[PDB]
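> My structure is below; once you've seen it, I'll send some questions.
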Amino acid sequence: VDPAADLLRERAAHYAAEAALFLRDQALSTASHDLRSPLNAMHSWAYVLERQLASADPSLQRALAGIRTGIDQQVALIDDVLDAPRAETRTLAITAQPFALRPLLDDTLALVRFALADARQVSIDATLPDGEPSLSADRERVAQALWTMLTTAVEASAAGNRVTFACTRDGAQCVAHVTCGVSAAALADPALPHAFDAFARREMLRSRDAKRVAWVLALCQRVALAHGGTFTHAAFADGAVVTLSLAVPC
Amino acid sequence: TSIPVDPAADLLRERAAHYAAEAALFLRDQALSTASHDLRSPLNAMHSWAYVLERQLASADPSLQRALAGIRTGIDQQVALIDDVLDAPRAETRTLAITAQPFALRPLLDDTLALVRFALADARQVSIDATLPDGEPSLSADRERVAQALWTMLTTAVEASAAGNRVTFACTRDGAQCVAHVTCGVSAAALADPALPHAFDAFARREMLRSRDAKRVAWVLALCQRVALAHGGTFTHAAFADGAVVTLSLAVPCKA
Ligand SMILES: [Co+2]
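So the sequences go chain by chain: A and B. Per the numbering used here, residue 1 is the first one in the first sequence, and the count goes up by one each step. Per the numbering used here, residue 251 is the first one in the second sequence, and the count goes up by one each step.
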């Protein structure tokens, strides 16, 4: 019986659910966007028919109205089911307050080791800022963002390999760099412990537009943007050395 | 020198936040699932109307058939998208993996009450009248997922309750099934009031009041349904509506 380990398990589980929660926001957003493309196509081809059949007997008009109804019902479903759940969530609210950066980094380090990296035989080499720098930011959201980047890099790492966790903080920006060497086999291996589900670990390997990050990292991107900072990573691919970078103003 | 009789406050805070994210997670998967199921009927109806148009335009100008082919290509593109953009992301809550193990029920019921009171019910001035099972009953189930399911049902009933109202919570063993009941009186005004504390976001509480098919649970209760089904059990609740008395019932087999 250990209540301090109970707390770390609960916090790691909380953070994994937050990362999965932001991934589902991306899925809803992508689903809403991608499902409209065939609808636009159905509509514009139906418009071609409407125009060429303005002089149509009742049965042709009824059938064309059937096509139009099928389109309208899909539009309303997308509005009602995929866009509505994100009405107020699209803009991420945060609460900035000062906190000592180094203890948060220490806690993050300890948490990823406790919850995944130790089990996975992935070492984490940490380079942490000296002195006692502080940051005005949402400590809980930054904690989640740091945990998500670091845990994603551990997830992409095979046993015996290392992840580097370097964080700096000058007068301009506080920047966290997490670097890993990507093992696609370990990332997909059902036999190994994982923090994220299989879809998130598959989705990671897809290519995407430059503005976009892996969906399991969506929390990091939105937290970075809410603080007026940035988040980026190089593409995950087998054998790649990938750095994930989180910068927020100090 | 205090004597602890409940989980520490910082642990209750982390559990509440964890469980609230899990519930929100299953809600979004429920939206994806709703879209996946409900897109099929319009697409099927369009397929039939396109066949009707094809016959009725059989000897019309061939570009008209090309328009119809374009419509049909769209229909088929939409069908092809459903698996990848709606079904693939929700796959692991759709079939929730669980680990069943024996655990004592009453300590979990007690921890759950402490959690809901600490996180929401006390601030909302809602009384949870609890009746706890006699004896030392045990359950072979996924304790963490049952904890989450119980927390979600109770917290939802508290979300529906105005200040000074009551939520009744009781557990029974009906045959081979072990059933937890939660009963509340629904105040739509309290569900929507932004001056009140809330565990779930405004959309989840607005969605609770939407009208759906009876087979469909409120989306904020999706976690409860998925956890129930994963255990080979059931989750039932009446529609949330202003002024209604609503019972939520979670039934799982007592032996995995
Ligand atoms: Co577009």
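Heads up, the beta-carbon is just placed ideally off N, CA and C, and yes, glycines get one too.
Just list the alpha helix (DSSP H) runs in the stretch 315–348 of chain B, keeping only unbroken ones of 4 residues or longer that don't cross its boundaries, in chain order.
341–344
> Scan the stretch 195–207 of chain A for residues whose Cβ lies nearer than 9 Å to a Cβ of chain B and list them as they occur along the chain.
Only those residues of the stretch 195–207 of chain A whose C-beta falls short of 9 Å from the nearest C-beta of chain B are listed: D197, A198, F199, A200, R202, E203.
> Run down chain A in chain order and give the residues with a C-beta less than 8 Å from the C-beta of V335 (chain B).
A27, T30, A31, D34, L35
> To the nearest angstrom, how far is it from the Cα of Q173 (chain A) to the Cα of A247 (chain A)?
6 Å
> Going along chain A, which residues have a C-beta under 7 Å from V302 (chain B)?
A63
> Using a Cβ cut-off of 7 Å (strictly closer), state whether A489 (chain B) contacts chain A.
no
> Residues of the stretch 150–164 of chain A with a CB closer than 9 Å to any CB of chain B: list them in chain order, please.
Within the stretch 150–164 of chain A, no residue has a Cβ that lies closer than 9 Å to any Cβ of chain B.
> Helix, strand or coil for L105 (chain A) per DSSP?
In the three-state scheme derived from DSSP, where H, G and I count as helix and E and B as strand, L105 (chain A) is classed as helix.
> With 16 as the cutoff for other CB atoms within 10 Å, does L382 (chain B) come out buried or exposed?
In summary, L382 (chain B) is exposed, with fewer than 16 beta-carbon neighbours lying within 10 Å of its beta-carbon over all protein chains present.
> Given that a residue counts as buried once 16 or more other Cβ atoms are within 10 Å of its Cβ, and exposed if not, what is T151 (chain A)?
So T151 (chain A) counts as buried.
> Going by DSSP, which residues form a beta bridge with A100 (chain A)?
A:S134
> Within the same chain, show all residues whose beta-carbon is closer than 8 Å to that of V142 (chain A), passing over the 5 residues directly before and after it, in chain order.
Excluding positions up to five away in sequence, the list reads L104, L135, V223, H227, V248.
> Going by CA-CA distance only, name the one from A:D130, A:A5, A:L244, A:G229 that's closest to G181 (chain A).
Minimum Cα distance to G181 (chain A) is reached at A:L244.
> Would you say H287 (chain B) and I325 (chain B) are within 7 Å of each other, going by their C-beta atoms?
no
> Taking 8 Å as the threshold, find out whether the stretch 410–428 of chain B comes into contact with the stretch 365–382 of chain B through three or more Cβ pairs.
In this structure the stretch 410–428 of chain B lies against the stretch 365–382 of chain B, because at least three pairs of beta carbons, one per stretch, are closer than 8 Å.
> Beta-carbon of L187 (chain A) versus every beta-carbon of chain B: anything under 7 Å?
no
> Listed from N- to C-terminal order along the chain, which residues in the stretch 3–22 of chain A have their beta-carbon within a distance smaller than 8 Å of any beta-carbon of chain B?
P3, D6, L7, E10, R11, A13, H14, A17, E18, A20, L21
> Could you check whether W215 (chain A) and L23 (chain A) sit closer than 7 Å to each other, using their CB atoms as the reference points?
A Cβ-Cβ contact shorter than 7 Å links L23 (chain A) with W215 (chain A).
> Just the C-alpha distance for residue 268 (chain A) and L225 (chain A), rounded to the nearest angstrom, thanks.
Chain A is shown only over 1 to 250; residue 268 (chain A) falls outside these bounds and no answer can be derived.
> How big is the Cα-Cα spacing for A258 (chain B) and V329 (chain B)?
50 Å
> Whose Cβ in chain D lies nearer than 8 Å to the Cβ of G70 (chain A)?
This model lacks chain D altogether; the protein chains it does include are A and B.
> Would you check if the distance between the CB atom of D138 (chain A) and the CB atom of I67 (chain A) is smaller than 7 Å?
Contact flag unset, no.
> Which stretch, first to last residue, makes up the beta strand (DSSP E) that contains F165 (chain A)?
162–169
> To the nearest angstrom, how far is the alpha carbon of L459 (chain B) from that of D492 (chain B)?
In this structure, the alpha-carbon of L459 (chain B) lies about 8 Å from that of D492 (chain B).
> So what does DSSP say about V48 (chain A), is it helix, strand or coil?
helix
> Decide if the stretch 406–414 of chain B is in contact with the stretch 368–378 of chain B; the criterion is three or more beta carbon pairs, one per stretch, under 8 Å apart.
These segments touch.
> Taking buried to mean at least 16 other C-beta atoms within 10 Å of its own C-beta, is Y47 (chain A) buried or exposed?
exposed
> If the cut is a Cβ gap below 8 Å, which residues of chain A does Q327 (chain B) touch?
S37, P38, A41
> Determine, using beta carbons only, whether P312 (chain B) comes closer than 7 Å to chain A.
no
> How about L116 (chain A) and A218 (chain A): are their beta carbons less than 7 Å apart?
No.
> What three-state label does DSSP hand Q375 (chain B) in the structure shown?
In the structure shown, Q375 (chain B) falls within a coil segment according to DSSP collapsed to helix, strand and coil.
> Could you tell me if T284 (chain B) is buried or exposed, where buried requires 16 or more neighbouring beta carbons within 10 angstroms of its beta carbon?
In summary, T284 (chain B) is buried, with 16 or more beta-carbon neighbours lying within 10 Å of its beta-carbon over all protein chains present.
> Taking the alpha carbon of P312 (chain B) as the reference point, which residue from A:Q52, A:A65, A:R62 has its own alpha carbon closest?
The residue with the shortest Cα to Cα distance from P312 (chain B) is A:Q52.
> Report the rounded CA-to-CA distance for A240 (chain A) versus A13 (chain A), giving the unit in angstroms.
28 Å
> Rounded to the nearest angstrom, what separates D25 (chain A) and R201 (chain A) at their Cα positions?
Whole-angstrom Cα-Cα distance: 17 Å.
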